[PDB]
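K.L.:
Next comes the structure file structure-v5.cif, holding mmCIF, C-alpha atoms and all ligand atoms.
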data_work
loop_
_atom_site.label_atom_id
_atom_site.label_comp_id
_atom_site.auth_asym_id
_atom_site.auth_seq_id
_atom_site.Cartn_x
_atom_site.Cartn_y
_atom_site.Cartn_z
CA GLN O 670 55.29 -34.83 5.63
CA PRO O 671 55.12 -31.13 5.20
CA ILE O 672 53.22 -29.36 7.86
CA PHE O 673 51.70 -27.94 4.68
CA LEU O 674 50.31 -31.23 3.43
CA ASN O 675 49.19 -32.13 6.96
CA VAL O 676 47.24 -28.91 7.16
CA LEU O 677 45.54 -29.20 3.76
CA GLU O 678 44.39 -32.72 4.57
CA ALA O 679 43.30 -31.68 8.12
CA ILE O 680 41.07 -28.86 6.82
CA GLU O 681 39.65 -30.50 3.68
CA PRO O 682 35.82 -30.24 3.92
CA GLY O 683 33.53 -33.18 4.28
CA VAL O 684 30.42 -34.11 2.32
CA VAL O 685 27.89 -31.45 1.51
CA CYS O 686 24.42 -32.51 0.43
CA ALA O 687 22.36 -30.34 -1.93
CA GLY O 688 18.99 -31.13 -0.39
CA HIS O 689 17.67 -32.26 -3.76
CA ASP O 690 14.29 -34.02 -4.08
CA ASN O 691 15.30 -36.95 -6.25
CA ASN O 692 11.65 -38.02 -6.25
CA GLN O 693 10.52 -35.19 -8.46
CA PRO O 694 11.20 -35.35 -12.22
CA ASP O 695 14.31 -33.77 -13.64
CA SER O 696 13.56 -30.21 -14.63
CA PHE O 697 15.61 -27.08 -15.21
CA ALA O 698 14.20 -25.15 -12.16
CA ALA O 699 14.27 -28.06 -9.72
CA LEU O 700 17.77 -29.02 -10.80
CA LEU O 701 19.24 -25.52 -10.97
CA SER O 702 17.60 -24.41 -7.71
CA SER O 703 19.24 -27.39 -6.00
CA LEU O 704 22.65 -26.63 -7.59
CA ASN O 705 22.35 -23.00 -6.36
CA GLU O 706 21.55 -24.14 -2.86
CA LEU O 707 24.56 -26.49 -2.98
CA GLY O 708 26.66 -23.60 -4.21
CA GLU O 709 25.72 -21.67 -1.08
CA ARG O 710 26.23 -24.65 1.21
CA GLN O 711 29.59 -25.38 -0.47
CA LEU O 712 30.58 -21.73 -0.09
CA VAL O 713 30.17 -21.67 3.71
CA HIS O 714 32.55 -24.63 3.64
CA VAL O 715 34.94 -22.75 1.28
CA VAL O 716 35.09 -19.76 3.72
CA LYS O 717 35.85 -21.87 6.73
CA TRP O 718 38.30 -23.98 4.59
CA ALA O 719 40.11 -20.87 3.37
CA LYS O 720 40.46 -19.23 6.81
CA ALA O 721 42.26 -22.27 8.18
CA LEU O 722 44.71 -22.07 5.20
CA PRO O 723 48.45 -21.54 5.81
CA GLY O 724 49.26 -17.86 5.32
CA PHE O 725 45.63 -16.97 4.59
CA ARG O 726 45.27 -14.58 7.59
CA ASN O 727 48.34 -12.77 6.14
CA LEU O 728 46.14 -10.94 3.61
CA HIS O 729 44.01 -7.90 4.16
CA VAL O 730 40.40 -8.72 5.05
CA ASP O 731 38.97 -7.30 1.86
CA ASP O 732 41.62 -9.24 -0.03
CA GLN O 733 40.57 -12.46 1.72
CA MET O 734 36.92 -11.72 0.95
CA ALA O 735 37.62 -10.75 -2.65
CA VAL O 736 39.82 -13.72 -3.49
CA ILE O 737 37.14 -16.05 -2.13
CA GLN O 738 34.31 -14.41 -4.11
CA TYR O 739 36.36 -14.48 -7.31
CA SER O 740 37.62 -18.06 -7.00
CA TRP O 741 34.65 -20.00 -5.57
CA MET O 742 33.41 -21.34 -8.90
CA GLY O 743 36.88 -22.71 -9.79
CA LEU O 744 37.51 -24.49 -6.51
CA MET O 745 33.99 -26.02 -6.43
CA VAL O 746 34.35 -27.17 -10.00
CA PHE O 747 37.83 -28.64 -9.31
CA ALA O 748 36.73 -30.66 -6.26
CA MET O 749 33.46 -31.61 -7.88
CA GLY O 750 35.70 -33.09 -10.59
CA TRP O 751 37.69 -35.04 -7.98
CA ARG O 752 34.48 -36.15 -6.28
CA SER O 753 33.12 -37.46 -9.58
CA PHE O 754 36.45 -39.09 -10.34
CA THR O 755 36.82 -40.91 -7.02
CA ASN O 756 33.16 -41.97 -6.58
CA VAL O 757 31.87 -42.79 -10.04
CA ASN O 758 35.15 -42.88 -11.99
CA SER O 759 34.05 -39.84 -14.06
CA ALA O 760 31.04 -41.57 -15.63
CA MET O 761 28.74 -38.98 -14.02
CA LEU O 762 28.99 -35.55 -12.37
CA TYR O 763 28.98 -36.04 -8.57
CA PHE O 764 27.87 -32.69 -7.24
CA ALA O 765 26.79 -34.25 -3.96
CA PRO O 766 25.48 -37.64 -3.00
CA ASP O 767 21.90 -36.39 -3.54
CA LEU O 768 22.75 -34.67 -6.81
CA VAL O 769 24.43 -36.73 -9.40
CA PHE O 770 24.08 -35.72 -13.02
CA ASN O 771 23.72 -38.34 -15.62
CA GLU O 772 23.61 -37.24 -19.28
CA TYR O 773 19.87 -36.76 -19.03
CA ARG O 774 20.30 -34.36 -16.11
CA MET O 775 23.20 -32.76 -18.05
CA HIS O 776 20.72 -31.97 -20.79
CA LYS O 777 17.84 -31.03 -18.47
CA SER O 778 20.07 -28.44 -16.73
CA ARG O 779 20.58 -26.80 -20.13
CA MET O 780 24.27 -26.76 -19.27
CA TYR O 781 25.38 -29.70 -21.34
CA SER O 782 28.55 -28.27 -23.03
CA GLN O 783 29.75 -27.09 -19.66
CA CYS O 784 28.98 -30.37 -17.94
CA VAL O 785 30.90 -32.24 -20.66
CA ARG O 786 33.74 -29.81 -20.13
CA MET O 787 33.52 -30.66 -16.42
CA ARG O 788 33.23 -34.40 -17.09
CA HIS O 789 36.43 -34.08 -19.10
CA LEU O 790 38.31 -32.38 -16.24
CA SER O 791 37.21 -35.26 -14.12
CA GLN O 792 38.67 -37.82 -16.56
CA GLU O 793 41.92 -35.90 -16.58
CA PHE O 794 42.28 -36.72 -12.90
CA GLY O 795 42.24 -40.30 -14.13
CA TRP O 796 44.36 -40.11 -17.29
CA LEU O 797 47.01 -38.05 -15.47
CA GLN O 798 47.02 -40.27 -12.32
CA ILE O 799 46.58 -37.30 -9.97
CA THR O 800 47.39 -38.02 -6.33
CA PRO O 801 45.19 -36.86 -3.40
CA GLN O 802 48.16 -34.72 -2.36
CA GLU O 803 48.43 -33.05 -5.79
CA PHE O 804 44.67 -32.50 -5.74
CA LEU O 805 44.76 -30.71 -2.36
CA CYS O 806 47.68 -28.54 -3.37
CA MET O 807 46.26 -27.69 -6.78
CA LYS O 808 42.92 -26.81 -5.13
CA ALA O 809 44.75 -24.64 -2.57
CA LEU O 810 46.39 -22.66 -5.44
CA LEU O 811 43.02 -22.08 -7.16
CA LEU O 812 42.04 -19.70 -4.36
CA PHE O 813 45.09 -17.66 -5.42
CA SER O 814 44.41 -17.96 -9.20
CA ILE O 815 42.08 -14.98 -9.81
CA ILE O 816 42.81 -11.30 -9.02
CA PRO O 817 41.48 -7.94 -10.19
CA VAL O 818 43.85 -6.29 -12.70
CA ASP O 819 44.02 -3.17 -10.45
CA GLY O 820 45.70 -5.55 -8.02
CA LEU O 821 44.72 -6.16 -4.43
CA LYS O 822 45.16 -4.02 -1.30
CA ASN O 823 48.24 -6.03 -0.28
CA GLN O 824 49.23 -7.34 -3.65
CA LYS O 825 52.67 -8.15 -2.11
CA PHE O 826 51.55 -10.61 0.62
CA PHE O 827 49.30 -12.19 -2.00
CA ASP O 828 52.19 -12.76 -4.46
CA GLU O 829 54.28 -14.11 -1.59
CA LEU O 830 51.47 -16.43 -0.61
CA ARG O 831 50.81 -17.59 -4.19
CA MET O 832 54.55 -18.13 -4.78
CA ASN O 833 54.83 -20.40 -1.72
CA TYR O 834 51.85 -22.45 -2.66
CA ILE O 835 53.45 -23.13 -6.03
CA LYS O 836 56.68 -24.04 -4.26
CA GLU O 837 54.68 -26.62 -2.30
CA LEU O 838 53.02 -28.32 -5.26
CA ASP O 839 56.50 -28.40 -6.65
CA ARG O 840 57.74 -29.98 -3.42
CA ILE O 841 55.18 -32.80 -3.50
CA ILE O 842 56.17 -33.41 -7.10
CA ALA O 843 59.89 -33.20 -6.08
CA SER O 851 60.87 -35.99 -17.59
CA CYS O 852 59.19 -35.40 -14.13
CA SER O 853 58.88 -31.60 -14.36
CA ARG O 854 56.80 -32.65 -17.36
CA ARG O 855 54.40 -33.42 -14.49
CA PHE O 856 54.56 -29.75 -13.64
CA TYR O 857 53.68 -28.78 -17.19
CA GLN O 858 50.72 -31.15 -16.97
CA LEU O 859 49.45 -30.01 -13.59
CA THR O 860 49.78 -26.35 -14.42
CA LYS O 861 48.04 -27.13 -17.70
CA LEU O 862 45.21 -28.92 -15.99
CA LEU O 863 44.97 -26.05 -13.49
CA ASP O 864 44.83 -23.54 -16.29
CA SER O 865 41.97 -25.53 -17.84
CA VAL O 866 39.63 -24.93 -14.89
CA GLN O 867 39.27 -21.18 -15.70
CA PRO O 868 37.64 -21.43 -19.19
CA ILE O 869 35.03 -23.65 -17.56
CA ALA O 870 34.50 -21.41 -14.55
CA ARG O 871 34.07 -18.49 -16.97
CA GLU O 872 31.56 -20.47 -19.00
CA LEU O 873 29.79 -21.23 -15.77
CA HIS O 874 29.92 -17.60 -14.68
CA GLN O 875 28.16 -16.27 -17.76
CA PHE O 876 25.68 -19.08 -17.42
CA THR O 877 24.75 -18.42 -13.80
CA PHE O 878 24.68 -14.67 -14.28
CA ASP O 879 22.06 -14.90 -17.07
CA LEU O 880 20.21 -17.49 -15.13
CA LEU O 881 20.13 -14.89 -12.37
CA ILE O 882 18.92 -12.12 -14.60
CA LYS O 883 16.01 -14.22 -15.84
CA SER O 884 15.44 -16.21 -12.64
CA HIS O 885 12.00 -14.86 -11.82
CA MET O 886 10.88 -15.86 -15.30
CA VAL O 887 12.14 -19.48 -15.03
CA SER O 888 11.34 -20.07 -11.33
CA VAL O 889 15.02 -20.79 -10.51
CA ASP O 890 15.82 -20.06 -6.89
CA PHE O 891 18.89 -18.05 -5.91
CA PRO O 892 19.90 -17.99 -2.23
CA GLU O 893 20.34 -14.48 -0.95
CA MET O 894 24.11 -14.42 -0.65
CA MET O 895 24.50 -16.19 -4.02
CA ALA O 896 22.53 -13.49 -5.82
CA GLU O 897 24.62 -10.78 -4.16
CA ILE O 898 27.91 -12.43 -5.27
CA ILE O 899 26.75 -13.21 -8.74
CA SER O 900 25.38 -9.63 -9.20
CA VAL O 901 28.27 -7.82 -7.55
CA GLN O 902 31.55 -9.81 -7.86
CA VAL O 903 30.89 -12.12 -10.84
CA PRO O 904 30.19 -9.24 -13.33
CA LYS O 905 33.61 -7.79 -12.39
CA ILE O 906 35.12 -10.97 -13.76
CA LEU O 907 32.87 -11.06 -16.77
CA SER O 908 33.64 -7.43 -17.59
CA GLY O 909 37.45 -8.23 -17.58
CA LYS O 910 38.07 -6.21 -14.40
CA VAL O 911 38.99 -9.44 -12.63
CA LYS O 912 41.28 -11.95 -14.39
CA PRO O 913 42.60 -15.41 -13.70
CA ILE O 914 46.28 -16.03 -13.60
CA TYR O 915 47.22 -18.66 -16.16
CA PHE O 916 50.57 -20.41 -16.04
CA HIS O 917 50.47 -20.63 -19.80
CA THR O 918 49.75 -17.69 -22.12
CA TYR D 1 27.00 -6.95 1.86
CA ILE D 2 25.55 -10.24 3.09
CA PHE D 3 28.79 -12.07 2.18
CA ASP D 4 30.84 -9.52 4.16
CA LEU D 5 28.65 -9.54 7.33
CA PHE D 6 28.79 -13.33 7.01
CA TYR D 7 32.56 -13.36 6.52
CA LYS D 8 32.93 -11.24 9.75
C1 LIG H 1001 29.29 -24.34 -8.06
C2 LIG H 1001 28.22 -25.39 -8.36
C3 LIG H 1001 27.78 -25.91 -7.00
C4 LIG H 1001 28.75 -26.89 -6.34
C5 LIG H 1001 29.48 -27.84 -7.30
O1 LIG H 1001 29.72 -28.96 -6.91
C6 LIG H 1001 29.91 -27.38 -8.66
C7 LIG H 1001 28.76 -26.55 -9.28
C8 LIG H 1001 29.13 -26.12 -10.73
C9 LIG H 1001 27.95 -25.38 -11.38
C10 LIG H 1001 27.35 -24.26 -10.48
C11 LIG H 1001 27.01 -24.75 -9.07
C12 LIG H 1001 26.26 -23.69 -8.20
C13 LIG H 1001 25.04 -23.06 -8.90
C14 LIG H 1001 25.39 -22.59 -10.30
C15 LIG H 1001 26.28 -21.34 -10.18
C16 LIG H 1001 24.21 -22.30 -11.23
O2 LIG H 1001 23.55 -21.03 -11.01
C17 LIG H 1001 24.79 -22.44 -12.66
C18 LIG H 1001 26.10 -23.23 -12.54
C19 LIG H 1001 26.06 -23.72 -11.09
#
Here is a file; write its structure as structure tokens.
P.N.:
Amino acid sequence: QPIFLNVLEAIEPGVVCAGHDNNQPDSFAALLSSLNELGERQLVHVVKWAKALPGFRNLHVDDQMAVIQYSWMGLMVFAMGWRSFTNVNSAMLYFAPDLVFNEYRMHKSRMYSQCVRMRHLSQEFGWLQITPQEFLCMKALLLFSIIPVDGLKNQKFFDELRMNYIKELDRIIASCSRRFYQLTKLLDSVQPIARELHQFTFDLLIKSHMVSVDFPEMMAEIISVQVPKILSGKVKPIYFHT
Amino acid sequence: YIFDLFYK
């Protein structure tokens, strides 16, 4: 009904395969090297997805590029959670068709806590009866949920943009605004996870030569350049709730 | 930056 909703649905990415060799035995390096590749693949789709976003061309270029490189973990995690929820009703983590984590893979990835945290998110989509329309909208907002504390180049267009996106999630909601609490609460809960995942990948990066884990070129840049800014507290998510 | 050349 909104143009807005129309758009989000129009531009929502398709399936992205990891390229994983499900014939070889589960193993940290095989698994994590496939996840990293999928990250990269998923990121090209996030850039294209983001550029076709309402208002997105508004922002300064460096602002566009920054916001993307700060928020990519969160978005990917969110939609991975939806993917899992809609395809395997949250029983397993559906990273891509060729990369589904069962508990064994959860443990082999050495990321178990985090995966369980992600499997929970997924279940929330269920327990809260999240609509495809709420999902799109929430995901949209997640691109505008992490900023450096020194603010952006055009902090004003950003704020405008972020304010409108909230107004839209509100519109597709509109006792009832308890739904808002819930959705904002769920949204807030993505960050802790993304942060946990950020430390994890960053270390993985540091020691990657010595565990034969393969980082794609652009992924190593981002993780070495933009991610530490987050981890050092220079870049912060915006929570709805203190 | 690879990301930046890519983005543009
Ligand atoms: C974003 C990805 C890749 C895409 C996805 O569906 C969610 C998933 C969450 C964990 C990330 C992973 C990309 C590669 C990472 C960053 C690994 O280095 C460690 C954690 C992985």
K.L.:
Quick one: which residues from chain O are at most 9 Å off chain D, using all atoms listed in the file, as a VMD selection string?
P.N.:
chain O and resid 716 731 734 738 893 to 895 897 to 898
K.L.:
Do you know which residues are within 8 Å of ligand LIG 1001 (chain H) using only C-alpha atoms and all ligand atoms? Can you write them as a PyMOL selection string?
P.N.:
chain O and resi 701-709+711+741-743+745-746+748-749+763-765+780+873-874+876-878+880-881+891
K.L.:
I'd like to know which of O:811, O:906, O:806, O:870 is closest to residue 784 (chain O), using all atoms listed in the file.
P.N.:
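With all atoms listed in the file as the atom set, the closest residue is O:870.
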K.L.:
Separation of CA of residue 696 (chain O) and CA of residue 781 (chain O), in Å?
P.N.:
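The value is 13.6 Å.
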K.L.:
Would you compute the distance between CA of residue 727 (chain O) and CA of residue 715 (chain O)? Give it in Å to one decimal.
P.N.:
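One can read the CA of residue 727 (chain O) to CA of residue 715 (chain O) distance as 17.4 Å.
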K.L.:
Can you tell me how far CA of residue 799 (chain O) sits from CA of residue 841 (chain O), in Å to one decimal?
P.N.:
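Rounded to one decimal, the two atoms are 11.7 Å apart.
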K.L.:
Pick out the closest residue to residue 915 (chain O) from this set: O:823, O:814, O:853, O:833. Count only C-alpha atoms.
P.N.:
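The closest residue to residue 915 (chain O) is O:814.
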K.L.:
Just checking: using all atoms listed in the file, which residue out of O:675, O:888, O:783, O:692 ends up closest to residue 722 (chain O)?
P.N.:
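Residue with the minimum atom-to-atom distance to residue 722 (chain O): O:675.
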